[PDB]
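The form deposited in one PDB entry is given below as one chain in structure tokens.
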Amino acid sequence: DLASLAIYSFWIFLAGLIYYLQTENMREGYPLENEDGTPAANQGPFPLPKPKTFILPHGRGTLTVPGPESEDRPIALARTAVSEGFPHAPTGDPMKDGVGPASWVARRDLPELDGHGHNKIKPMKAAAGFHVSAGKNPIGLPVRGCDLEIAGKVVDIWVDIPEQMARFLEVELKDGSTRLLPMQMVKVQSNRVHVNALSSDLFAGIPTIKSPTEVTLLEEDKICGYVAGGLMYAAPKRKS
């Protein structure tokens, strides 16, 4: 019966597909590891796919995956138990050390580029013709942390040139220097910008970038990771 054959053949194809799809999703993070970094004995029933290679534009090289996986950074954590499966306690300050919800990945210390080879993200004062076109302009507002103290003032917007969206606020601190705050982690109000993730005393520890007109992928991760980590680690200073 032709319909019986079609449906039998389809369930076979589907098993091949799910196999294909599961192995394609192993191109990062595998082989699995024990908590100490060595290969785990049990890798699951799916083998690693044959490697593929992405050609990155603008002379940035290639990426071959799967490939040798290394964290390429120290991890300030220690076991809390004598067997696998338990949490790992920060051995120092987890916001400063970049662990837990404050983690960051060692991405390349170059900026992301648009399709023409220019830096994807620029402060708006350096982006010819870019300006605020709708909603409340935050530039000039004071910045309040979750301890309800003022931590600084907005001095610019860092914008995504090819996609024309705001990605960061540049905030000036009491000592004259500035920091980037992720746009998705601030609330623009009529008389202030409010940041629930950080208390005012935590603003100075936000990782700093090395150039006033560009930010690298490595720096964005340290910034985004640090701000998000305040949700957990600044809770003792958050009010209601």
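Residue positions are given as counts along the sequence shown, with the first one as 1. In this text, rigid core is short for the largest set of C-alphas that superpose within 1.5 Å between two forms.
FYI, the form deposited in another entry isn't displayed, but the following is about it.
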Which one of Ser211, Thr53, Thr208, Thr38, by Cα shift of 2 Å or more between the shown form and the other one, core superposed: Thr38
Does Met26 show a Cα shift reaching 2 Å between the shown form and the other one after rigid-core superposition? yes
Taking the shown form as reference, are the C-alpha positions of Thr38 and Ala102 brought closer or pushed farther apart in that other deposited form, with a change of 3 Å or more? farther
Note on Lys52-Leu32 C-alpha separation in that other deposited form, which departs from the shown form by 3 angstroms or more: closer
